[PDB]
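One structure below.
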Amino acid sequence: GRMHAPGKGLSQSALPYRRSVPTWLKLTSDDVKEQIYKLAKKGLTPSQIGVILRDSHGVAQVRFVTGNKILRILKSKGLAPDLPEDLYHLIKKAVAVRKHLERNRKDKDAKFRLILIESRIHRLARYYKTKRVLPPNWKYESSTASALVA
Amino acid sequence: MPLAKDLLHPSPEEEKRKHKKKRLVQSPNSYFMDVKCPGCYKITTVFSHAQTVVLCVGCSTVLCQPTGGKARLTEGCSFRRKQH
Amino acid sequence: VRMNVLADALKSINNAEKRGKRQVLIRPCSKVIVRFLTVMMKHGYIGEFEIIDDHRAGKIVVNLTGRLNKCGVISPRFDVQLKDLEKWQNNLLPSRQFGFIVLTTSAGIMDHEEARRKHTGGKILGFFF
Amino acid sequence: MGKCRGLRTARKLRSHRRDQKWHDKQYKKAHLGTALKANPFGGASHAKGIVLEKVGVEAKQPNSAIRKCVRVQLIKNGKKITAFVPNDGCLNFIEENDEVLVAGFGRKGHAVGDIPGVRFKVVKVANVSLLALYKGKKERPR
RNA sequence: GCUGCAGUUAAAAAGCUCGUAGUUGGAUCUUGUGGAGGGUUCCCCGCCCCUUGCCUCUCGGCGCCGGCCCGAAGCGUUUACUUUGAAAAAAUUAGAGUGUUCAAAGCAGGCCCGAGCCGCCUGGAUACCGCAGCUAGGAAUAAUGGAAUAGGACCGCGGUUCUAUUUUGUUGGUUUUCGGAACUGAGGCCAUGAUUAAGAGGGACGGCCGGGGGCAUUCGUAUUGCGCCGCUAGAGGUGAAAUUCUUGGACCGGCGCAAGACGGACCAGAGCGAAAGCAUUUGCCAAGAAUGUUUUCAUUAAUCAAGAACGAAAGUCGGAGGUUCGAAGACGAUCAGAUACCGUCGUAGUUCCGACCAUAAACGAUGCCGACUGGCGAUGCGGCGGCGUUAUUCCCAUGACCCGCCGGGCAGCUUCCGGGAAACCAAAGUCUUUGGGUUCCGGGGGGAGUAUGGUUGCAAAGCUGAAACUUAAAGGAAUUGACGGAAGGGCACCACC
């Protein structure tokens with residue numbers, strides 16, 4: 001199951017077989033696009049974007065009112081970020097850990113957990129960088145972690 | 001198990017009370033709802049597990065509340081599914 | 001993980017037949033499992049079977065009888081060259097008279113008895129009897 | 001079971017077996033050759049020596065007897081081996097400071113029967129067998 | 001022990017986790033009809049769109065009546081696999097033929113005629129030859145391939161540049177033309193190009209949960225010491241004693257203060273943590289599991305040489321502290337002896353801060369990941385459903401109790417699931433009907449974790465690790481006896497009172 005904990009668990013989303021509209025709805029493909037573009041200005045990232053549509057607007061999902069994903073729509077403009085938010089959130093966490101570690105050198109538990117989250121960055125990086133989604137010279141270090149999260 | 005039981009055609013909710021990814025076809029256990037209370041006279045549509053505060057444009061500015069699952073509504077009826 | 005799908009499949013229908021059952025549920029439905037069970041149905045060891053459809057990969061349900069004694073998998077997949085054949089079938093079958101080693105060839109998936117008449121070797125998958 | 005069954009795992013099989021074969025007792029003696037160096041034989045079936053002097057060797061319990069062996073130095077190594085003498089009165093047909101021919105018991109490394117410390121026996125005194133000396137179809141050539 | 005072994009207790013899973021190499025890895029991209037070969041549909045030509053994908057042609061044949069048609073020429077993105085050919089010294093081996101007197105062998109030999117035939121007939125096969133390389137057919141299986149910041153299609157045109165040497169009979173000066181090649185713009189034509197989201201993983205989001213960790217802070221009683229007050233003779237301790245303590249007074253009772261240590265009862269086959277481990281208050285700092293979700297990414301995974309973090313107690317080095325307990329040591333008893341068990345005193349240590357040390361019955365003596373296969377009642381956490389009591393503000397905020405359902409977690413009970421030598425175990429099950437993936441490790445008992453060299457450490461030692469020689473038993477589970485300064489009953493003047 002879990003990749004750095006021993007646990008096992010199910011909580012996965014389950015989609016219906018259907019996939020019409022379904023009937024009840026509005027905002028033709030085009031309407032949904034301009035509704036999205038406004039949100040990305042405000043710093044709402046693709047995961048947040050689909051949530052804020054699904055909770056309060058008439059969409060089931062933005063993959064059955066468009067022929068594309070949420071991210072590809074943003075990418076066609078050129079307004080997509082230069083690294084995926086997934087990678088960003090890993091790096092975002094580990095800097096605060098390193099701050100706490102400098103403030104407290106006797107928190108061996110934090111030091112331990114850092115080894116996991118550190119190694120999990122490098123594995124993820126080796127997906128993107130082989131697929132030509134990152135430069136083949138980019139590496140993860142303390143210095144590059146500081147600058148890239150800011 | 002009686003060790004001979006059917007699995008082709010299940011009971012409407014005595015063999016569809018199971019976990020949603022242990023059913024023959026995967027179904028959600030969630031639904032939408034068409035609302036329109038008074039605090040905000042508009043036909044709003046909202047998902048059952050809100051996950052975030054749904055805002056109002058009327059006198060009120062809150063409609064929901066995200067808890068650990070479904071979402072606690074408020075003093076405004078407005079209910080439907082519809083169909084799904 | 002679920003490295004090999006076919007290998008996890010047969011053990012269910014093997015276990016189920018022993019206890020005394022006649023309906024099962026096997027997932028996640030590979031095309032390879034379909035053509036296997038087609039050959040196994042012709043000879044008469046199982047009955048008609050229903051493929052449920054999902055977008056994920058499907059699920060299959062089978063109707064079976066006590067005629068089956070055991071179907072096993074042989075993994076990893078070795079080659080046969082129609083002189084290696086006699087050595088394989090001796091070890092894996094209760095008798096010369098019946099039992100059916102299955103394999104895949106460029107002429108499709110079939111029993112060993114058919115492959116010998118087409119002069120086709122290939123990769124072995126499992127067996128049954 | 002409990003081990004790899006890959007299709008490209010020929011290396012991981014043939015290197016494992018080559019290591020775990022050395023834990024066998026038999027194999028480890030044959031191929032190191034420490035057998036040859038330690039033995040008073042060169043691996044030869046027999047060997048030849050010259051008598052040093054008769055001895056009496058006590059038996060291991062329950063049995064009690066005196067077993068009348070010899071002790072011998074070898075021609076080609078100069079090291080010493082303690083060797084049993086067979087049937088009754090055959091001790092007399094071995095005389096001190098002559099040559100003899102030795103041979104293993106028939107257990108190929110280990111001391112046999114109730115006699116300890118002996119791993120060798122004696123077959124010919126001087127081109128004449130213990131049999132023909134014992135039975136009386138030959139006589140001492142001296 | 002690849003086919004084909006074993007690791008709970010018999011020899012045996014690294015203390016634990018991370019991690020590169022290595023090995024292994026989800027689903028998904030075409031079916032019917034006449035003729036021919038075989039049944040009663042089904043397995044060489046074609047047909048629906050495809051059918052050995054195409055063209056373009058031009059040179060050397062086949063045609064039919066200048067004109068037209070179809071074989072050979074480039075090939076279908078690349079491999080493994082499989083099938084057919086080629087090419088493989090003899091002897092040996094398998095094996096055909098042959099009456100060696102039969103045989104082991106050997107390669108021979110057999111026929112008709114008085115010689116008068118001047119001769120006749122016949123053999124000296126065939127198979128096999130790991131690989132790798134060479135050749136041709138198949139297209140299932142397993143890898144690999146393409147247009148998503150567009151270029152595929154057509155003589156579509158422009159802009160720009162280079163070049164080919166043929167012909168006007170030939171040879172020279174010039175210029176276009178034709179062919180090849182290279183580069184640029186704007187426009188048509190494509191159904192104009194994205195498989196799903198694994199009861200795989202990662203990531204976001206929401207409300208919670210826990211003696212999880214770090215830092216700060218707060219509190220309780222006891223113990224010991226000190227001061228003061230009161231009464232008077234013994235007090236400690238043991239099986240029985242004694243050392244020891246005591247009229248400058250102990251022990252005991254009362255009151256206040258100080259020091260250090262420590263978190264009772266509550267506290268449980270309960271919870272959290274990778275393991276080692278983790279219980280007074282309150283706050284701060286970062287972290288994590290489970291559950292909920294019609295959110296996001298789209299195979300990003302599994303297990304692991306190298307290498308890396310953490311790792312009880314004791315011990316070592318440098319500082320602080322030192323109540324309590326206490327190796328060492330000094331005494332008192334018990335004992336023939338008593339360097340012990342027991343009593344008194346007591347150093348190191350025990351505590352904290354900073355460096356080392358890497359080991360334990362670090363034990364569930366039981367690798368990790370995945371699938372399938374009985375029943376029943378509970379408990380901790382989240383979510384959902386419900387005839388009701390119950391809290392408050394009088395009334396569906398969310399609290400407590402009751403009933404049921406769905407996840408994942410610590411466990412239990414039950415049996416001809418099945419297994420095991422048995423003890424036992426829903427896993428140690430799905431194993432002679434043996435193959436899901438992968439790491440580590442074992443080979444009779446001693447010698448020996450010794451010898452030796454390497455490496456790490458200040459020290460203590462840790463890791464890595466033989467042989468000579470010796471021996472027929474060592475060891476596991478279970479059963480019957482005997483025995484017990486084991487437990488429960490009963491009995492005797494050869495037992496006691």
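Ordered as shown in the structure tokens, chains take letters A, B, and onward, while each chain numbers its residues from 1 and ligands are numbered from 1 in the order shown.
For residue B:6, the non-local neighbours within 10 Å, defined as residues at least 6 positions apart in the same chain or in other chains and counting only C-alpha atoms (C1' of nucleotides), are residues 22, 23 and 24 of chain C.
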What lies within 12 Å of residue B:2 using only C-alpha atoms (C1' of nucleotides), ignoring chain neighbours under 5 positions off, as number ranges by chain? C: 19-22; E: 374-375
Select all residues from chain D having any atom no more than 12 Å from an atom of chain C (counting only C-alpha atoms, ignoring ligands), output as an MDAnalysis selection string. chainID D and resid 4:9
Could you tell me which residues of chain E sit within 6 Å of chain C when counting only C-alpha atoms (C1' of nucleotides), and give me the result as a list in words? residues 25, 27, 82, 138, 139, 140, 370, 371, 372, 435 and 436 of chain E
Can you list, as a ChimeraX atom specification, every protein, DNA or RNA residue that comes within 12 Å of residue A:107 when you count only C-alpha atoms (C1' of nucleotides), leaving out same-chain residues fewer than 3 positions away? /A:97-104,110-114 /E:213-215,285-287,310
Save out the residues we just selected, C-alpha atoms (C1' of nucleotides), as a PDB file, in the first residue's frame.
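And here's selection.pdb as it stands now:
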```
ATOM      1  CA  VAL A  97      11.362  20.694   8.384  1.00  0.00           C
ATOM      2  CA  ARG A  98      14.935  21.888   7.757  1.00  0.00           C
ATOM      3  CA  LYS A  99      14.137  25.143   9.623  1.00  0.00           C
ATOM      4  CA  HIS A 100      12.742  23.235  12.601  1.00  0.00           C
ATOM      5  CA  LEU A 101      15.803  20.945  12.427  1.00  0.00           C
ATOM      6  CA  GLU A 102      18.196  23.913  12.691  1.00  0.00           C
ATOM      7  CA  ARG A 103      16.185  25.326  15.605  1.00  0.00           C
ATOM      8  CA  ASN A 104      16.121  21.923  17.340  1.00  0.00           C
ATOM      9  CA  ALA A 110      11.938  15.025  12.257  1.00  0.00           C
ATOM     10  CA  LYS A 111      15.404  14.130  10.912  1.00  0.00           C
ATOM     11  CA  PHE A 112      14.087  10.597  10.164  1.00  0.00           C
ATOM     12  CA  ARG A 113      10.933  11.819   8.376  1.00  0.00           C
ATOM     13  CA  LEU A 114      13.035  14.210   6.266  1.00  0.00           C
TER      14      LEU A 114
ATOM     15  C1'   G E 213       8.490  13.605  18.561  1.00  0.00           C
ATOM     16  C1'   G E 214      10.991  18.542  19.931  1.00  0.00           C
ATOM     17  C1'   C E 215      11.051  23.131  23.031  1.00  0.00           C
ATOM     18  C1'   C E 285       7.105  24.238  17.098  1.00  0.00           C
ATOM     19  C1'   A E 286       7.216  20.985  13.042  1.00  0.00           C
ATOM     20  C1'   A E 287       5.227  15.569  11.655  1.00  0.00           C
ATOM     21  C1'   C E 310      17.728   5.757  13.997  1.00  0.00           C
TER      22        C E 310
END
```
Each residue of chain E lying at most 9 Å from chain A should get a row with its shortest atom-to-atom pair and the distance in Å to one decimal, counting only C-alpha atoms (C1' of nucleotides); could you produce that, ordered by chain and increasing number, as a Markdown table?
```
| residue | atom | partner | partner_atom | distance |
| --- | --- | --- | --- | --- |
| E:18 | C1' | A:116 | CA | 6.9 |
| E:19 | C1' | A:119 | CA | 8.3 |
| E:148 | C1' | A:76 | CA | 9.0 |
| E:149 | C1' | A:76 | CA | 8.3 |
| E:194 | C1' | A:68 | CA | 8.0 |
| E:199 | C1' | A:10 | CA | 8.0 |
| E:200 | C1' | A:1 | CA | 8.6 |
| E:201 | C1' | A:3 | CA | 7.9 |
| E:202 | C1' | A:86 | CA | 8.0 |
| E:203 | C1' | A:86 | CA | 4.8 |
| E:204 | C1' | A:47 | CA | 5.8 |
| E:205 | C1' | A:48 | CA | 7.4 |
| E:213 | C1' | A:109 | CA | 5.6 |
| E:214 | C1' | A:107 | CA | 4.9 |
| E:215 | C1' | A:104 | CA | 7.7 |
| E:274 | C1' | A:5 | CA | 8.0 |
| E:285 | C1' | A:100 | CA | 7.3 |
| E:286 | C1' | A:100 | CA | 6.0 |
| E:287 | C1' | A:110 | CA | 6.8 |
| E:289 | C1' | A:7 | CA | 7.4 |
| E:290 | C1' | A:9 | CA | 7.5 |
| E:291 | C1' | A:11 | CA | 7.1 |
| E:292 | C1' | A:11 | CA | 7.4 |
| E:293 | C1' | A:13 | CA | 6.5 |
| E:294 | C1' | A:15 | CA | 5.6 |
| E:295 | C1' | A:51 | CA | 4.9 |
| E:296 | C1' | A:47 | CA | 4.3 |
| E:297 | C1' | A:86 | CA | 8.0 |
| E:300 | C1' | A:127 | CA | 5.7 |
| E:309 | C1' | A:112 | CA | 6.4 |
| E:310 | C1' | A:112 | CA | 7.2 |
| E:369 | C1' | A:1 | CA | 8.3 |
| E:407 | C1' | A:10 | CA | 7.2 |
| E:408 | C1' | A:9 | CA | 5.7 |
```
Report the closest atom pair, with its distance in Å rounded to one decimal, for each residue of chain B that has an atom no farther than 12 Å from chain E; count only C-alpha atoms (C1' of nucleotides), sort by chain and then rising residue number, and write it as JSON lines.
```
{"residue": "B:1", "atom": "CA", "partner": "E:374", "partner_atom": "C1'", "distance": 8.1}
{"residue": "B:2", "atom": "CA", "partner": "E:374", "partner_atom": "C1'", "distance": 10.2}
{"residue": "B:3", "atom": "CA", "partner": "E:374", "partner_atom": "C1'", "distance": 10.2}
{"residue": "B:13", "atom": "CA", "partner": "E:405", "partner_atom": "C1'", "distance": 11.1}
{"residue": "B:14", "atom": "CA", "partner": "E:405", "partner_atom": "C1'", "distance": 10.5}
{"residue": "B:15", "atom": "CA", "partner": "E:405", "partner_atom": "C1'", "distance": 11.8}
{"residue": "B:16", "atom": "CA", "partner": "E:406", "partner_atom": "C1'", "distance": 11.0}
{"residue": "B:17", "atom": "CA", "partner": "E:405", "partner_atom": "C1'", "distance": 7.5}
{"residue": "B:18", "atom": "CA", "partner": "E:406", "partner_atom": "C1'", "distance": 6.6}
{"residue": "B:19", "atom": "CA", "partner": "E:406", "partner_atom": "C1'", "distance": 5.9}
{"residue": "B:20", "atom": "CA", "partner": "E:199", "partner_atom": "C1'", "distance": 8.8}
{"residue": "B:21", "atom": "CA", "partner": "E:199", "partner_atom": "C1'", "distance": 5.2}
{"residue": "B:22", "atom": "CA", "partner": "E:199", "partner_atom": "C1'", "distance": 6.1}
{"residue": "B:23", "atom": "CA", "partner": "E:199", "partner_atom": "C1'", "distance": 9.1}
{"residue": "B:24", "atom": "CA", "partner": "E:199", "partner_atom": "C1'", "distance": 10.7}
{"residue": "B:25", "atom": "CA", "partner": "E:199", "partner_atom": "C1'", "distance": 11.2}
{"residue": "B:26", "atom": "CA", "partner": "E:199", "partner_atom": "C1'", "distance": 9.6}
{"residue": "B:27", "atom": "CA", "partner": "E:294", "partner_atom": "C1'", "distance": 9.0}
{"residue": "B:28", "atom": "CA", "partner": "E:294", "partner_atom": "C1'", "distance": 6.5}
{"residue": "B:29", "atom": "CA", "partner": "E:294", "partner_atom": "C1'", "distance": 8.9}
{"residue": "B:30", "atom": "CA", "partner": "E:294", "partner_atom": "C1'", "distance": 7.3}
{"residue": "B:31", "atom": "CA", "partner": "E:294", "partner_atom": "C1'", "distance": 8.0}
{"residue": "B:32", "atom": "CA", "partner": "E:294", "partner_atom": "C1'", "distance": 9.3}
{"residue": "B:47", "atom": "CA", "partner": "E:294", "partner_atom": "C1'", "distance": 9.2}
{"residue": "B:48", "atom": "CA", "partner": "E:293", "partner_atom": "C1'", "distance": 9.8}
{"residue": "B:49", "atom": "CA", "partner": "E:293", "partner_atom": "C1'", "distance": 6.9}
{"residue": "B:50", "atom": "CA", "partner": "E:206", "partner_atom": "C1'", "distance": 8.7}
{"residue": "B:51", "atom": "CA", "partner": "E:206", "partner_atom": "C1'", "distance": 5.3}
{"residue": "B:52", "atom": "CA", "partner": "E:206", "partner_atom": "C1'", "distance": 7.4}
{"residue": "B:53", "atom": "CA", "partner": "E:206", "partner_atom": "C1'", "distance": 10.5}
{"residue": "B:65", "atom": "CA", "partner": "E:206", "partner_atom": "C1'", "distance": 9.6}
{"residue": "B:66", "atom": "CA", "partner": "E:206", "partner_atom": "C1'", "distance": 6.0}
{"residue": "B:67", "atom": "CA", "partner": "E:207", "partner_atom": "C1'", "distance": 4.4}
{"residue": "B:68", "atom": "CA", "partner": "E:207", "partner_atom": "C1'", "distance": 3.8}
{"residue": "B:69", "atom": "CA", "partner": "E:292", "partner_atom": "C1'", "distance": 4.5}
{"residue": "B:70", "atom": "CA", "partner": "E:292", "partner_atom": "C1'", "distance": 7.8}
{"residue": "B:71", "atom": "CA", "partner": "E:206", "partner_atom": "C1'", "distance": 9.8}
{"residue": "B:72", "atom": "CA", "partner": "E:397", "partner_atom": "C1'", "distance": 9.9}
{"residue": "B:73", "atom": "CA", "partner": "E:397", "partner_atom": "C1'", "distance": 11.0}
{"residue": "B:74", "atom": "CA", "partner": "E:397", "partner_atom": "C1'", "distance": 9.6}
{"residue": "B:75", "atom": "CA", "partner": "E:396", "partner_atom": "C1'", "distance": 10.4}
{"residue": "B:84", "atom": "CA", "partner": "E:294", "partner_atom": "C1'", "distance": 9.8}
```
Could you give me, as a PyMOL selection string, the residues within 12 Å of residue E:351, counting only C-alpha atoms (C1' of nucleotides) and dropping anything in the same chain fewer than 3 positions from it? chain E and resi 260-262+320-324
DSSP on the backbone, alpha helix (DSSP H) only: what residues of chain A does that give? Format it as a ChimeraX atom specification. /A:29-41,46-54,70-77,85-103,108-128,142-149
